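In listed order, ligands and their atoms are each counted from 1. Per chain, numbering begins at 1; letters A, B, ... match sequence-line order.
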Protein chains: 2
Amino acid sequence: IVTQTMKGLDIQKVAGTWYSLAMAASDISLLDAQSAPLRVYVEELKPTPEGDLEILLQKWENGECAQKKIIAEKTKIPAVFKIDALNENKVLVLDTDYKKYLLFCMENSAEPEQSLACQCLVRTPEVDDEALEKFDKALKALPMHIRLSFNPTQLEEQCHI
Amino acid sequence: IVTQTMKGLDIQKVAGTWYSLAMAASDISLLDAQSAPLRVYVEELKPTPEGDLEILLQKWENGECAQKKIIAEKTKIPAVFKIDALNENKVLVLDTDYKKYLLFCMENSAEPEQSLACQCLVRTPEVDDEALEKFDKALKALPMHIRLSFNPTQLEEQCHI
Ligand SMILES: CCCCCCCCCCCCCCCC(=O)O
Ligand SMILES: CCCCCCCCCCCCCCCC(=O)O
């Protein structure tokens with residue numbers, strides 16, 4: 001369902017620390033609680049020389065902020081990865097400037113809108129109006145029903161408080 | 001903190017059934033859970049001939065969808081009401097066409113952004129892109145951190161499911 005992707009993406013250049021400035025989902029139950037399914041906070045991206053991609057994130061599990069390491073296997077499209085969970089979930093890089101932000105979405109295979117979540121990643125704990133601009137514009141199309149945003153304070157905290 | 005209001009508002013003409021198409025809050029904890037503080041669904045508005053305003057809403061309380069009747073006492077400004085809870089909370093009518101939608105916000109007295117929530121009300125269980133347009137434009141300024149939207153199905157349901 002995600003319609004735009006970043007052309008000529010250089011996945012090595014996205015390596016580094018990132019902040020989940022904002023997130024949006026097609027379903028409220030995707031982001032509603034602290035424990036919700038795709039309510040995940042990004043730490044840093046770590047691509048492998050084979051073009052793969054390892055991800056370090058926090059995920060509130062069992063009334064507690066847990067760290068996590070996911071792996072996204074690159075595919076034939078530079079901007080689309082597939083993580084190693086059950087039901088081949090696709091992670092799509094929409095856009096990025098490598099040093100200011102990253103807009104990615106992640107959807108179910110064969111089931112978009114029921115499972116579809118997008119994030120605005122920034123390199124600093126500062127809210128980026130330009131970035132949020134592009135993010136809201138990108139999802140303007142998409143059928144999003146929930147939408148969060150975090151403050152600098154919450155971004156320096158584990159699990160955004 | 002809410003900066004725009006509806007001029008020459010005719011509070012009698014807002015009488016009737018309404019749907020909470022969308023909501024936004026300055027704080028995630030205002031709308032996060034089913035039980036959150038300003039996560040309230042509107043049924044119908046009922047103004048009194050003295051220009052007062054009685055409100056019927058649903059509010060998930062104790063893991064259960066409860067109905068509720070609030071009263072908003074009119075003030076010297078036609079578009080601003082004050083409901084009878086502790087700490088004089090102000091309800092502000094931003095805009096409306098009486099027969100398509102209503103954009104209102106409700107804030108704390110002397111404490112905006114910590115407590116500030118806004119809704120897009122529509123007369124039908126249809127999502128209204130024009131309406132959501134105006135709503136997102138109105139809050140574009142405001143410091144909102146959470147934002148929900150509901151589908152026709154959820155709007156015919158008590159507590160939006
Ligand atoms: C290419 C840009 C990288 C963007 C980061 C992608 C984040 C993937 C997160 C997938 C959700 C999985 C988290 C839930 C963990 C669990 O299984 O409990
Ligand atoms: C003038 C337009 C009318 C808009 C409707 C205003 C809705 C007011 C809701 C105030 C929040 C109070 C709900 C919580 C109830 C409780 O005390 O448990």
Side-chain angles (χ1 to χ4, degrees), chain A residues 5-6 9 11 14-15 18 20 23 30 35-47 53-62 66-72 74 78-86 89-96 102-107 115 117-121, chain B residues 5-6 9 11 14-15 18 20 23 30 35-47 53-62 66-72 74 78-86 89-96 102-107 115 117-121:
Chain A
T5 32
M6 150 108 329
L9 164 68
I11 208 13
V14 318
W18 288 103
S20 283
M23 19 172 107
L30 292 198
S35 52
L38 283 356
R39 189 121 159 228
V40 306
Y41 316 93
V42 188
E43 200 173 310
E44 77 200 78
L45 306 175
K46 296 166 154 207
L53 186 70
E54 134 179 69
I55 299 140
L56 277 44
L57 63 116
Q58 289 68 76
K59 158 86 118 24
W60 198 269
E61 263 147 16
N62 270 226
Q67 341 288 89
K68 263 193 134 82
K69 196 205 293 169
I70 312 259
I71 300 269
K74 115 229 78 4
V80 158
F81 297 76
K82 153 259 143 172
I83 72 210
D84 10 280
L86 201 248
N89 265 205
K90 234 170 29 123
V91 151
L92 298 100
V93 180
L94 272 63
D95 181 4
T96 184
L102 200 147
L103 313 163
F104 81 96
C105 294
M106 85 208 139
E107 38 139 299
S115 113
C118 307
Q119 302 223 345
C120 175
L121 290 173
Chain B
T5 32
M6 150 108 329
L9 164 68
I11 208 13
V14 318
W18 288 103
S20 283
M23 19 172 107
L30 292 198
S35 52
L38 283 356
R39 189 121 159 228
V40 306
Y41 316 93
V42 188
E43 200 173 310
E44 77 200 78
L45 306 175
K46 296 166 154 207
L53 186 70
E54 134 179 69
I55 299 140
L56 277 44
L57 63 116
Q58 289 68 76
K59 158 86 118 24
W60 198 269
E61 263 147 16
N62 270 225
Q67 341 288 89
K68 263 193 134 82
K69 196 205 293 169
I70 312 259
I71 300 269
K74 115 229 78 4
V80 158
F81 297 76
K82 153 259 143 172
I83 72 210
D84 10 280
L86 201 248
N89 265 205
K90 234 170 29 123
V91 151
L92 298 100
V93 180
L94 272 63
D95 181 4
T96 184
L102 200 147
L103 313 163
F104 81 96
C105 294
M106 85 208 139
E107 38 139 299
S115 113
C118 307
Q119 302 223 345
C120 175
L121 290 173

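Closest approach of A:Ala72 to A:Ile55, counting heavy atoms only: CB-CD1, 4.1 Å. The shortest heavy-atom contact between A:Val91 and A:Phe104 is CG1-CD1, 4.2 Å.
Among residues two or more places apart in sequence or in another chain, the side chain to side chain donor-acceptor pair (under 3.5 Å) test is passed with A:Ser20 by A:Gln119.
Looking only at side-chain heavy atoms (C-beta outward), B:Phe81 and B:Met106 stay at 4.5 Å or farther from each other.
In B:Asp84, the CG atom is crowded: over 12 heavy atoms of neighbouring residues, nucleotides or ligands sit closer than 6.0 Å.
Looking at B:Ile70, B:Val40, B:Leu38 one by one, the single match for side chain to side chain contact (heavy atoms under 4.5 Å, CB included) with B:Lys59 turns out to be B:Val40.
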Contact table, ligand 2 N/O with protein N/O, distance under 3.5 Å:
| residue | atom | partner | partner atom | Å |
| --- | --- | --- | --- | --- |
| ligand 2 | 18 (O) | B:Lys59 | NZ | 2.7 |
| ligand 2 | 18 (O) | B:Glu61 | OE2 | 2.9 |
| ligand 2 | 18 (O) | B:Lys68 | NZ | 3.2 |

